[PDB]
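Data first, discussion second: the structure below is written as structure tokens.
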Amino acid sequence: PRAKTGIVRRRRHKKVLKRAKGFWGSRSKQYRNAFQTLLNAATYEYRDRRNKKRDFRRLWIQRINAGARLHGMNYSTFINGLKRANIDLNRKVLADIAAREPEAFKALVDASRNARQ
Amino acid sequence: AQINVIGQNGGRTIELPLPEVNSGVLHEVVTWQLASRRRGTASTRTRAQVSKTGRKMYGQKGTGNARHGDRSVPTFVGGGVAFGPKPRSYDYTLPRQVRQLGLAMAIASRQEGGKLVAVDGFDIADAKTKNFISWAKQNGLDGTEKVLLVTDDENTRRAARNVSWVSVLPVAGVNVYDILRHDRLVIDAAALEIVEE
Amino acid sequence: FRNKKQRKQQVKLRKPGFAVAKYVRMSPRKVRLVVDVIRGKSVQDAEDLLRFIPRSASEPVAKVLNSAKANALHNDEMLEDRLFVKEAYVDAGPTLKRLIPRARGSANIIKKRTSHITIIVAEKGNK
Amino acid sequence: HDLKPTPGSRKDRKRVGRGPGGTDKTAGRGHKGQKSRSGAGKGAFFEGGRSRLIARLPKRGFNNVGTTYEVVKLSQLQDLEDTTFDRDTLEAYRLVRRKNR
Amino acid sequence: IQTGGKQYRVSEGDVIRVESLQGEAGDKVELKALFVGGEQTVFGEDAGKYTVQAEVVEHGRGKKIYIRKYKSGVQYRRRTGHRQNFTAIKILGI
RNA sequence: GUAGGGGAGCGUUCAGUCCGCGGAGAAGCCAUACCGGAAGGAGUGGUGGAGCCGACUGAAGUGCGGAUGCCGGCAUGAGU
RNA sequence: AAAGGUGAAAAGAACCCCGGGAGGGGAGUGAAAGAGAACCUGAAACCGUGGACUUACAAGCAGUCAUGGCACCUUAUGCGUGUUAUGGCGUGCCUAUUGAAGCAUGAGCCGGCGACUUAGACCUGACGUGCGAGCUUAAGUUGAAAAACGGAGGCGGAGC
Ligand SMILES: [Mg+2]
Ligand SMILES: [Mg+2]
Ligand SMILES: [Mg+2]
């Protein structure tokens with residue numbers, strides 16, 4: 002028996018078509034192109050997680066020492082210090098502590114020098 | 002060992018397939034049956050040949066994009082049906098011992114559940130069907146279940162033009178399908194039912 | 008409410024200050040030019056600008072504009088001297104494909120388009 | 004009337020191993036079957052041929068097809084079967100329906 | 005962090021990896037690492053003193069994310085659904 | 001993880017059977033922030049104006065972006 | 001070659017408005033005109049009107065991850081939906097290749113059509129079913145809203 006493709010294809014298409022939103026021109030109105038855009042889309046999506054992890058620790062390390070150096074230390078040093086004090090062990094939120102609580106951050110700062118030399 | 006219902010009541014007779022009815026085999030069956038009923042009808046000019054069209058087109062090269070034969074091929078609207086359907090039969094001969102084990106194992110099915118016999122139906126009287134329905138009532142056949150009536154007796158069957166209920170069936174020319182098809186079996190005629198070989 | 012079916016009957020659905028010339032043998036893109044100077048103004052002006060605007064699309068737009076007026080007024084009992092082109096636009100109707108011969112055997116198709124000029128007039132007022 | 008698709012003519016499953024799905028060439032987005040060139044839409048590179056040992060190999064022997072006898076083993080008679088009678092018949096039902104030879 | 009908080013705060017309902025102890029009320033205790041219970045800045049070990057008590061609020065199934073992979077020319081396209089489970093825990097500790 | 005082999009499944013029509021559904025409204029269309037590990041599924045609303053889901057099994061002209069593919073519609077060049 | 005479809009029934013639109021007309025708006029018929037005769041549904045490309053957020057030091061495969069701004073919040077105010085600014089990152093797809101963003105092939109965009117099938121009592125193996133040292137029928141026959149009959153013949157059974 003004959004067996005069209007009817008409705009079966011329109012849908013497959015609308016699926017992708019609707020994934021494309023602020024996709025510029027053709028890329029968001031033409032199947033083929035819109036779809037194709039989403040292969041490269043794969044590439045970015047997947048690799049961007051394994052990656053924003055890379056990006057974020059960077060934002061953290063940047064701040065952690067623009068405070069570290071705000072007293073006379075610097076990330077490099079500072080970090081090994083809290084390290085020198087197994088006691089200390091944040092690293093995660095450390096930046097924030099250094100961004101919001103200066104009162105605190107100082108503490109940890111001097112705490113390291115006091116476990117350093 | 003089913004107790005008769007009309008004009009007697011032996012029963013017991015008849016060894017039934019072990020262990021207890023097996024769809025698999027009833028499946029192996031039914032299927033085969035339908036395959037046989039399946040007729041061969043393939044309206045399709047599969048053939049790039051069977052369709053109407055010339056044979057030489059434009060120019061192999063130098064016309065600017067193309068490369069075509071006739072305008073009658075899988076790839077041309079109105080062309081021909083590639084791998085399309087042609088008439089055939091899909092009829093095979095299922096080993097005999099299974100067609101045996103077949104209904105046998107199907108009767109069991111019906112016995113283990115809602116089986117039913119009957120030796121003659123003087124309870125009828127003419128065609129009427131009206132009274133045939135009558136009997137049914139006091140016969141347990143409310144009218145809520147698909148009934149299959151196997152039995153010769155020309156005049157008896159003549160009473161069954163009522164839907165959903167029963168479905169008539171001659172000279173014990175039964176069939177695994179029908180039986181398994183309708184609910185209760187009215188095996189009736191102890192004809193094919195008791196005595197073989 | 009009720010449900011769709013009853014609505015269709017409790018209501019007739021109408022179009023205030025609305026007319027529409029369907030199938031005007033012109034190019035939408037051509038007509039738009041004129042329909043554009045006239046968009047959003049004193050239906051008087053529209054009457055006036057058309058009389059002068061040099062494009063030959065002007066007549067049709069004229070006619071639709073004075074038909075939408077002869078409605079707002081009649082079938083809508085509107086106050087003409089507060090009327091203003093609420094909205095107007097041009098959509099393409101069918102297309103009159105026609106074949107034209109070309110040099111050395113080849114042929115071509117001239118697309119003689121067509122447009123639906125519809126214009127909607129509505130009473131203005133500030134408040 | 005609650006809800007119950009019922010068991011029976013519909014509750015009659017297959018068998019498992021009874022019959023596996025066919026094969027349409029397209030397993031994952033990535034099918035383009037057969038080698039990857041040198042073979043397709045035709046049929047002749049067969050599987051035989053007459054140079055690939057077939058030929059080169061010596062022989063003329065000589066075919067005959069004289070008579071083929073119906074071996075009726077001994078244990079067929081002894082061990083069991085109470086002289087159900089050989090003769091030139093019973094043996095059939097006994098089991099040795101070869102005929103012709 | 006890498007499971008089971010720390011730090012200061014005031015007791016808010018935050019989500020972390022599954023905690024195993026199902027139900028609710030499951031009084032949870034997290035060591036501590038830093039904090040200021042009274043602006044009292046307290047660093048490691050010298051903070052272990054103090055601790056945190058939070059109660060398991062609810063268990064959740066994250067927001068469906070699709071894991072798609074792709075390499076060109078070699079065909080290769082991979083679509084697969086996903087979403088990580090957690091545990092809600094109302095902070096309250098020392 | 002490419003050619004290739006093996007496994008489990010999604011979907012489309014047709015057919016048998018079960019449960020049904022529908023003019024206070026089917027299929028199809030359209031929108032959507034839900035669901036499932038994927039193929040995909042559902043809910044709700046709008047349109048629509050008559051046939052139609054789900055489940056088991058059977059048969060398939062059964063799944064598409066590529067073929068200077070085929071037919072049709074509409075674009076660019078340009079108001080040149 | 002292509003070309004189908006008002007409605008249950010013409011009840012197919014009297015009369016009035018603008019127009020030479022075409023066309024349209026009312027009125028009236030009809031369940032419905034959210035069925036009007038370039039009349040069942042009416043997708044997509046493609047053209048257009050209105051609105052929201054944006055855009056006139058900028059180098060861009062066109063996205064993606066992150067954050068802020070604006071708007072909105074029927075599976076949805078607590079998470080989001082839409083839009084956008086700046087930052088990071090980022091060499092279309094397919095084919096053919098030792099090697100492709102490739103200045104290598106193909107293709108304007110969308111819709112629909114479009115490719116590993118069918119058959120042979122054929123061979124060979126996996127799985128499953130029935131019998132089992134035995135196992136089967138073919139042609140036809142007679143019944144068929146059904147399938148039994150039919151051993152001619154074939155395969156195990158001794159090899160060299
Ligand atoms: Mg044809
Ligand atoms: Mg194409
Ligand atoms: Mg070349």
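Chains as they are written, first to last, in the deposited numbering: chain N, 2 to 118; chain C, 2 to 198; chain P, 8 to 134; chain I, 4 to 104; chain O, 5 to 98.
The C-beta atom is built at its ideal place from N, Cα and C for all residues, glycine as well.
Tell me which residues share the same chain as residue i and place their Cβ nearer than 8 Å to its Cβ, disregarding the 5 neighbours each side in the sequence.
i      : result
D18(O) : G9, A92, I93 and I95
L86(P) : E130
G27(O) : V60
Have a look at the DSSP bridge pairing and note the partners of residue i.
i       : result
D52(P)  : BP columns for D52(P) are empty, so no partner.
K53(C)  : None; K53(C) has no bridge partner.
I116(P) : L106(P)
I93(O)  : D18(O) and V60(O)
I45(P)  : DSSP lists no partner for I45(P).
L149(C) : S168(C) and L186(C)
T125(P) : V27(P) and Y96(P)
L90(P)  : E130(P)
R72(O)  : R83(O)
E34(O)  : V56(O)
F39(O)  : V46(O)
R65(O)  : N89(O)
Can you name, in chain order, every residue of its own chain whose Cβ lies under 6 Å from the Cβ of residue i, other than the five neighbours on each side?
i       : result
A49(C)  : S73, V74 and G81
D85(I)  : none
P35(P)  : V97, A99 and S122
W61(N)  : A96
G64(O)  : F90
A83(C)  : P75
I4(C)   : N10 and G12
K29(P)  : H123
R101(I) : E73
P23(P)  : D83
Using C-beta distances below 7 Å, list every residue in its chain close to residue i, excluding the 5 sequence neighbours before and after it, in chain order.
i       : result
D121(C) : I7 and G8
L117(C) : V6, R185, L186, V187 and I188
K107(N) : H72
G36(I)  : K28
Using beta-carbon positions only, say whether residue i and residue j come within less than 9 Å of one another.
i       : j       : result
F79(N)  : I65(N)  : yes
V33(O)  : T55(O)  : yes
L95(N)  : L83(N)  : yes
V92(P)  : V27(P)  : no
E59(O)  : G77(O)  : no
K76(P)  : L90(P)  : yes
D91(I)  : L80(I)  : no
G68(N)  : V110(N) : yes
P171(C) : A109(C) : no
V22(C)  : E113(C) : yes
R72(O)  : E46(N)  : yes
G70(C)  : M58(C)  : yes
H183(C) : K147(C) : yes
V68(P)  : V42(P)  : yes
message: Tell me which residues of the region 20-52 of chain O have at least one Cβ-Cβ distance to chain N shorter than 8 Å, keeping chain order.
response: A37, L38, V40, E43, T45, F47, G48, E49 and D50
- prompt: Taking any Cβ of chain O, which residues in the region 28-44 of chain I have a Cβ under 7 Å from it, in chain order?
  reply: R32 and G33
Against chain C: residues of the region 14-27 of chain I by CB proximity under 8 Å: The region 14-27 of chain I vs chain C, Cβ under 8 Å: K14, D15, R16, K17, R18 and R21.
message: Using a Cβ-Cβ cutoff of 8 Å, what residues of the region 49-81 of chain O are near chain I? List them in chain order.
response: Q79, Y80 and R81
- prompt: What residues in the region 31-62 of chain C bring their beta carbon closer than 8 Å to a beta carbon of chain I?
  reply: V31
field: Interface residues of the region 4-32 of chain C facing chain I [CB-CB below 8 Å]
entry: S24, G25, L27, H28, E29 and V31
message: Which residues of the region 164-195 of chain C have a Cβ closer than 7 Å to any Cβ of chain I? Give them in chain order.
response: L181 and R182
query: Are three or more beta carbon pairs between the region 28-37 of chain C and the region 14-24 of chain I nearer than 8 Å?
result: yes
message: Short of 7 Å Cβ to Cβ, which residues in the region 44-58 of chain I face chain C?
response: For the region 44-58 of chain I, there are no residues whose beta carbon sits under 7 Å from a beta carbon of chain C.
query: Using a Cβ cut-off of 9 Å, which residues of the region 64-78 of chain I contact any Cβ in chain C, in chain order?
result: none
query: Taking any Cβ of chain O, which residues in the region 48-65 of chain N have a Cβ under 8 Å from it, in chain order?
result: Closer than 8 Å at the C-beta level to chain O, one finds no residue of the region 48-65 of chain N.
task: Mind checking the region 3-26 of chain N against chain O and listing, in chain order, the residues whose C-beta falls within less than 9 Å of any C-beta there?
output: none
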